[PDB]
Amino acid sequence: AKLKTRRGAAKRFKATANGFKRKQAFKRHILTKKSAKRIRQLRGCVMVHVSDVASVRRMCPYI
Amino acid sequence: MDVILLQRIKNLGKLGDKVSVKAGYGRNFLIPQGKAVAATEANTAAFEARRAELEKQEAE
Amino acid sequence: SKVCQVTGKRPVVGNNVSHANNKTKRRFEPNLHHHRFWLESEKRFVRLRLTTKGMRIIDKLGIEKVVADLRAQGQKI
RNA sequence: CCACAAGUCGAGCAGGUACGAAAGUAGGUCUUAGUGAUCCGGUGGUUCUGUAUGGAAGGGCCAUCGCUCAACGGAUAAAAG
RNA sequence: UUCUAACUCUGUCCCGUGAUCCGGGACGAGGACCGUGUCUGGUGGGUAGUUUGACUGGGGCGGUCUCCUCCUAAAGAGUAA
RNA sequence: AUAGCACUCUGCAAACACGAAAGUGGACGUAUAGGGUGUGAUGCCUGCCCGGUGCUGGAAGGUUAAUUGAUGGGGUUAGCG
RNA sequence: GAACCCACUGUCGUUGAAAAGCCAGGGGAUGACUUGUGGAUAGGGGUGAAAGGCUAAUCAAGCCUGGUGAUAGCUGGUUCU
RNA sequence: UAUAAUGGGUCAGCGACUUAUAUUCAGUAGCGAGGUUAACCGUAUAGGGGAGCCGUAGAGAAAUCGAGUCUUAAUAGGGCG
RNA sequence: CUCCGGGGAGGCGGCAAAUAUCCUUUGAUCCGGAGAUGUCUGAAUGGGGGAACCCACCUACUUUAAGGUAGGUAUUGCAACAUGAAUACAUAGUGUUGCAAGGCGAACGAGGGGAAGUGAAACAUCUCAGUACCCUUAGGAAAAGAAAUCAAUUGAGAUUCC
C-alpha cells in the first residue's frame with residue numbers, strides 16, 4: 001500500500017530548499033541555571049545533520 | 001401524580017377536588033379501589049360533564 | 001428472559017473501565033420486576049413483568065390503553 | 001571539540017548602564033565538577049491562529065516552573081518471588 | 001409507635017387435575033422492611049494478565065552505573081582492566 | 001485415613017456447596033443435628049505471653065464516596081458612552 | 001489357609017513370550033471385602049482414605065479441529081559459469 | 001579443524017529471495033517549460049475522458065510578504081534562499 | 001410400464017468376454033416432452049426405539065376363521081364452532097374441523113455475542129480487531145434511501161458503488 005508518514009517525525013521536521021530544518025533541544029525547562037548566551041543561542045531553528053538526513057527521508061517520504 | 005377525588009377522603013378533600021399525591025399512594029390504593037381517578041383531560045370531561053351530579057347525590 | 005413487556009428493554013453489553021483504563025466486558029440490566037394491576041373492564045388482576053419506566057408509561061396512559069396496545073402486538077395477557 | 005543530540009572560546013557592532021579626571025574596564029566568581037533530552041501540563045506576555053460571521057474556548061511564538069527519570073541517552077503513569 | 005394496599009412465604013384450604021411443578025382463588029403470618037436495578041466507598045491471590053536491569057576472568061553474594069582532578073598514557077590529541 | 005479429643009460456625013427459607021437463573025444437594029434431617037479446622041487408641045498430662053496479624057464486642061470523636069449545590073470568578077450583548 | 005484381590009524380596013528378561021511379565025518366596029482372604037451389568041460427574045473442570053494421583057499405553061491443565069503459514073535478536077540450509 | 005566438533009548409508013525424483021502496491025536511485029524511450037491521465041465510455045490494446053498528480057519559488061510557527069523573507073528599535077549583523 | 005414427437009438397421013446398460021433365449025422395417029435399440037408406479041429409514045409427524053426395527057387404535061368395504069384393501073390418528077400457531085372450574089355472571093381450561101410452519105443446502109446480506117497468539121524490539125493504555133469463532137434469520141440480491149443533510153461568493157439537493 002501507500003507509504004505511511006511517521007507522524008511524530010513529521011511534527012519535528014520541516015523541509016527547506018536544500019534540506020530539513022529543526023528546533024533545538026534543552027530549552028523546555030530548567031532555564032534559570034543556564035547562561036544568557038546559551039539561552040539566546042539555543043533559540044531558533046538549525047539544519048538536520050547530513051548523517052540523519054537519510055533517516056529523516058525514510059521516516060517522512062512526502063515532505 | 002394528580003388525581004380527582006371521586007369520593008370523600010379524610011384529609012385530601014371532598015367529592016371532586018384535584019390533589020397531588022405520591023405516585024404509589026394513587027397507583028396502589030386510590031385508583032384500584034375506586035376512591036379517585038387520574039386527572040387527565042378526558043377523565044375530567046367525564047367527571048364534570050355527566051356523572052358529577054350522580055357522584056354528588058351518592059354522598060353516602 | 002429479562003424483557004420488559006411494556007418497553008421491550010433488555011440487558012445490554014458494555015465495559016467496566018478501571019483507573020488504569022483496563023476494559024472488561026459487563027452487562028447493564030433493566031430495573032425489572034413483577035406487578036399486579038387491576039383491570040376493571042375484565043374484573044381481574046393482570047400480573048406484568050416490567051420496568052419502572054413501564055410503570056411511568058402506565059401512569060401516563062392508563063392501564064387499559066397499555067393492555068390493549070400489548071394485546072395488539074400479540075402478547076397473551 | 002565532536003557519530004548524532006550536545007559542549008567550549010570569542011574580537012567586533014547597536015541600545016541602555018555602573019565606576020573612573022581620562023585612555024578605559026565590565027555580557028558573574030583564576031579555570032576545569034555542582035547535572036537530566038523528549039512527552040504532558042502550570043504561570044507572565046504576545047501586531048499569530050480562531051471550523052458560517054463577531055467574539056470566546058483551545059492552539060502557536062517569547063520568557064519561565066514541575067523528575068535521586070542516580071540503572072544518570074531517561075523502554076510504562078503504574079510491578080516481587 | 002401503629003396501619004395495609006405495593007411486595008414476601010421452600011405455611012393451610014379450593015379449582016384447573018388422575019399432579020409435593022405451575023397458575024388462579026380464599027385464608028394466615030409478615031410488610032414499606034427484606035429483596036432487586038443504576039451509581040458509589042471498602043474488602044478482595046478467590047480468579048486473571050504481567051513484571052521482577054546490566055557489567056562480571058562461569059553465575060550467585062559483594063561492589064559498580066552520571067560528572068571533575070592526577071597516574072597508568074610510550075615529551076601533540078586520544079587510549080583499556 | 002482411622003475410632004477418640006477440642007475449637008468454631010449454623011434457629012431452619014440453617015450455615016455450607018453447585019448454578020447465570022430457575023432450582024438442587026445439606027435433609028424428606030432440626031443444636032445428642034449439620035459444615036469447616038486441627039489433633040490422632042490408651043495412661044499421665046497439656047506451663048507463660050493478647051505487643052504483632054486475624055477474629056469477636058464496643059465507641060461516636062477525627063478522616064472519607066456518590067448525591068446535593070451556597071458563594072466567588074469568567075464568556076457572550078441589549079444599553080450607556 | 002485354597003479360589004479371588006493384591007504387589008514386600010530376589011534371579012531372569014531389557015532389539016522381551018510381554019510398550020511392566022515369568023518363576024520362587026510374600027500380604028489380605030465376613031469385610032473400610034472382591035466382582036458383573038447399566039448409569040452420574042468433563043478440562044482451570046471432574047474425581048482423589050491426598051501420590052499433583054487418575055481423567056482411553058497421553059496430564060503442573062486431556063484429545064480433535066480451527067485462529068495458523070503464531071512469534072523465534074536462536075540453530076540449520078540456500079542449487080550453473 | 002585431518003581433527004576424536006556438526007551433517008550426510010547410497011541412488012533417482014522434489015526442496016528455499018517470490019507476488020501485489022507505494023516510494024527513491026540508475027539505465028533506456030517519448031515529449032519537453034512542460035509531462036501525464038484515473039475511474040469510466042468504447043465491436044474495446046485504438047479513440048474519447050483534464051477531475052487529479054509531478055515540475056516551474058522561497059522565507060516564516062503563523063498572519064503575511066515574495067527574489068526575497070525571518071529575527072530586531074535597527075536599512076546594522078546574522079539564518080534560510 | 002403408457003402416450004406423443006424424432007430417427008431408420010440394428011439391439012438385449014458397464015467392468016466384460018463368451019454363450020443361450022431372443023427382439024426388430026407391422027419401426028426395435030436410441031433421443032426429447034408429458035404421464036403411471038414409486039418398499040423401508042431419515043424433519044419422520046399414531047406410540048416407542050440402539051436409523052433402516054418393535055407395538056398399536058378408529059372408520060368403511062370384504063373373507064371365514066386367527067386375515068385383506070382404502071382412509072384417518074404428531075406438535076405448535078391462527079381462525080371458526082362446541083364445551084366448560086374455583087365463582088353468581090364470566091374467565092382460565094378442554095375438544096373438533098380448516099389453514100400454516102418445522103428440515104436440508106455453496107458463497108454473498110442483516111442482526112445478537114465476541115478472543116488470543118502477535119506488534120509495541122519488555123508490558124498493563126493501545127494493537128491484533130469488531131478479525132477468528134458461536135447464535136438467529138432473509139432474498140435473488142440484501143441493507144440504505146427522498147434532509148430536523150451539507151455548504152459558507154449564500155450555494156448544492158434521496159440512497160448505493162468507483
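Numbered from 1 within each chain, the chains take letters A, B, ... in sequence-line order.
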To the side chain of [X], which of [options] is closest?
X       : options                : value
A/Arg12 : H/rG58, D/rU38, I/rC78 : D/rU38
A/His29 : D/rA5, D/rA6, D/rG66   : D/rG66
A/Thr16 : H/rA59, E/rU38, D/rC9  : H/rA59

Would one find a side-chain N or O of [X] under 4.0 angstrom from OP1 or OP2 of [N]?
X       : N       : result
C/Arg27 : I/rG113 : no
C/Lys23 : I/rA124 : no
C/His33 : E/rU36  : no
A/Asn18 : H/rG81  : yes
C/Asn22 : I/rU125 : yes
A/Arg40 : D/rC62  : no
A/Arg22 : H/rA61  : no
B/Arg27 : E/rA6   : no
C/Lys25 : I/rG113 : no

Using a heavy-atom cut-off of under 4.0 Å over every strand shown, decide if [X] touches base, sugar-phosphate, or nothing.
X       : value
A/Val46 : nothing
A/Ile30 : sugar-phosphate
A/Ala36 : nothing
B/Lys35 : nothing
A/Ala25 : sugar-phosphate
C/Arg44 : nothing
C/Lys43 : nothing

Can you say whether a donor on the side chain of [X] sits under 3.5 Å from an acceptor on the base of [N], or the other way round?
X       : N      : result
C/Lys2  : E/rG37 : no
A/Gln41 : D/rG10 : yes
A/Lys34 : D/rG36 : no

E/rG25 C1' sits how many Å from C/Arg36 CZ, rounded?
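After rounding, the reported distance stands at 11 Å.
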Could you give the CD1-to-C1' distance, from C/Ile77 to I/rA92, as a whole number of Å?
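Rounding to the nearest Å, CD1 of C/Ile77 and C1' of I/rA92 are 15 Å apart.
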If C1'-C2'-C3'-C4' is positive it's north, if negative it's south, so which is the sugar of I/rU94?
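Torsion sign positive, so north.
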Just read off the sign of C1'-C2'-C3'-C4' for D/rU51 and name the pucker, north if positive, south if negative.
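Of the two classes, D/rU51 takes south, because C1'-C2'-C3'-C4' is negative.
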Please verify, for G/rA24 and G/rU9, whether Watson-Crick or G-U wobble pairing holds with both distances under 3.5 Å?
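Between G/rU9 and G/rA24 there is a Watson-Crick or G-U pair, with both distances under 3.5 Å.
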Is the terminal nitrogen or CZ of C/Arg36 (NZ for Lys, CZ for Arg) located under 6.0 angstrom from the six-membered ring centre of C/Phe45 and within 45° of that ring's axis?
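Verdict for C/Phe45: a cation-pi partner in C/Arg36.
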How about [N] and [M]: do their bases stack, with centres under 5.5 Å and planes under 30 degrees?
N      : M      : result
E/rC65 : E/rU66 : no
F/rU46 : F/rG47 : no
E/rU20 : E/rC21 : no
G/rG39 : G/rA40 : yes

Scan every strand shown for a Watson-Crick or G-U wobble partner of [N], both distances under 3.5 Å, and answer none if you come up empty.
N      : value
I/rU41 : none
I/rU69 : I/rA60
E/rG31 : none
I/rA9  : none
H/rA39 : none
F/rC7  : F/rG36

What residues from residues 2-10 of chain A pass a heavy-atom cutoff of under 4.0 Å to RNA chain H?
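A/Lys2, A/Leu3, in order of number.
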Return a table of donor-acceptor pairs under 3.5 angstrom between the side chains of residues 38-48 of chain A and protein atoms on other chains or two or more places apart.
none

Find the distance between NZ (B/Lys35) and CG (B/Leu6) and round it off to the nearest 0.5 Å.
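Here the rounded value is 10.0 Å.
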Both A/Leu31 and C/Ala20 contact RNA chain D. Taking the nearest nucleotide for each, which residue is further toward the 5' end?
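Closest to the 5' end, via its nearest nucleotide, is A/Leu31.
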On RNA chain D, does the nearest nucleotide to A/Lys33 precede the nearest nucleotide to A/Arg38 from the 5' side, or the other way round? Give the residue.
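Final value for this comparison: A/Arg38.
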In residues 38-59 of chain B, what donor-acceptor pairs under 3.5 Å come from side-chain atoms, sequence neighbours left out?
unit_1: B/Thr40; atom_1: OG1; unit_2: B/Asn43; atom_2: N; d: 3.3
unit_1: B/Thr40; atom_1: OG1; unit_2: B/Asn43; atom_2: ND2; d: 2.9
unit_1: B/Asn43; atom_1: ND2; unit_2: B/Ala38; atom_2: O; d: 3.3
unit_1: B/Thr44; atom_1: OG1; unit_2: B/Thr40; atom_2: O; d: 2.8
unit_1: B/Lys56; atom_1: NZ; unit_2: B/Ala52; atom_2: O; d: 3.3

